[PDB]
Each structure stands twice: as structure tokens, then as C-alpha cells.
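# Give the three-dimensional model of this entry:
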Amino acid sequence: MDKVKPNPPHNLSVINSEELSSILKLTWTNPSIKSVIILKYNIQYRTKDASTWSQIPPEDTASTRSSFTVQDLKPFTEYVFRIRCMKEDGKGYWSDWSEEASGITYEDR
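Residues are numbered from 1 along each chain as shown. Below is the structure:
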């Protein structure tokens with residue numbers, strides 16, 4: 001009745017590794033697909049107060065991931081992530097965004 005799209009890489013969480021005020025582990029749940037077919041992901045990051053978005057390029061996230069330990073984040077400040085997935089090639093008629101996930105890099109002191 002509508003379109004064709006490889007379903008959101010949903011359940012996007014920013015779970016922090018206890019003490020690590022430099023790192024958030026961004027975890028998500030791939031469409032449904034199992035132990036084959038390469039999925040390519042656009043994970044864009046930035047600070048809570050930024051106008052436009054930065055990037056985690058589809059390199060790590062160029063073959064079906066479901067998790068990524070994001071490193072080099074400013075302490076105590078909220079860094080926010082936005083992801084969607086396409087199936088192998090460039091033909092990918094995008095799945096409507098997984099969601100926004102917003103993570104605070106604990107405290108420096």
C-alpha cells in the first residue's frame with residue numbers, strides 16, 4: 001500500500017561502560033536478518049547543542065553490526081547519535097530512522 005524499505009535498526013541505546021567518561025556503547029537491533037547479507041549503516045553523531053550533524057562513517061558499520069563502542073567524546077556533555085540501515089549496494093531505499101539516542105559521557109572528575 002506504501003513503499004519498499006529494509007526496516008529500522010531499532011532499539012537504539014547509548015549504554016555507558018560504568019566509569020568511561022570518554023565512551024558510550026551505542027547498541028541497536030538490526031531489522032531481522034541473520035548470518036548473511038551485508039548491511040551498511042549511517043551513524044551520525046554530535047553534541048546535544050549542535051546545529052548540524054557529524055559522522056561515524058560506514059566502515060566498521062559496513063557489514064551488519066548491531067553494536068558500536070563510540071570513542072573520543074567530550075566528558076560530562078551529552079553526545080547524541082542517529083542511525084539507519086540499508087541492505088548491500090547503493091540502491092537502499094532507506095528505512096525510516098531507527099531513532100535518536102542521547103548519551104552523557106559520565107563525569108570527568
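# what about residue 44, distance to residue 70?
Distance, residue 44 to residue 70, using Cβ to Cβ, to the nearest Å: 11 Å. C-beta here means a position set from N, CA and C on the backbone, and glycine is covered the same way.
# Now do the shared contacts for those two.
56, 81 (Cβ atoms under 8 Å, 6 or more residues apart in numbering).
# and the gap between the residue lying closest to residue 105 once chain neighbours are set aside and residue 67?
Counting by Cβ to Cβ, 6 or more residues apart in numbering, residue 73 is the residue found nearest to residue 105 once chain neighbours are left out, at 4.6 Å. With distances taken as Cβ to Cβ, residue 73 is found 16 Å from residue 67.
# more crowded one of those two?
residue 73 (21 against 14; other Cβ atoms under 10 Å).
# can I assume that one is in contact with residue 24?
Yes. Contact criterion Cβ atoms under 8 Å: residue 73 and residue 24 qualify, at 6.4 Å.
# Quick check: neighbours shared by the two?
By Cβ under 8 Å, 6+ apart, the residues touching both residue 73 and residue 24 are 79, 103, 105.
# ok, residue 44 and residue 70, which is more surrounded?
Counted by other Cβ under 10 Å, residue 44 and residue 70 do not tie: residue 70 has more neighbours, with 19 against 16.
# need the contact list for the more buried one.
23-26, 43, 45, 56, 79, 81.
# now with 6 Å?
By Cβ atoms under 6 Å, 6 or more residues apart in numbering, the residues touching residue 70 are 24, 26.
# And for residue 105?
Contacts of residue 105 by Cβ under 6 Å, 6+ apart are 21, 73, 75.
# And the first one, its phi and psi?
Residue 21 adopts backbone torsions of phi -70, psi 20, taken as degrees, to the nearest 10.
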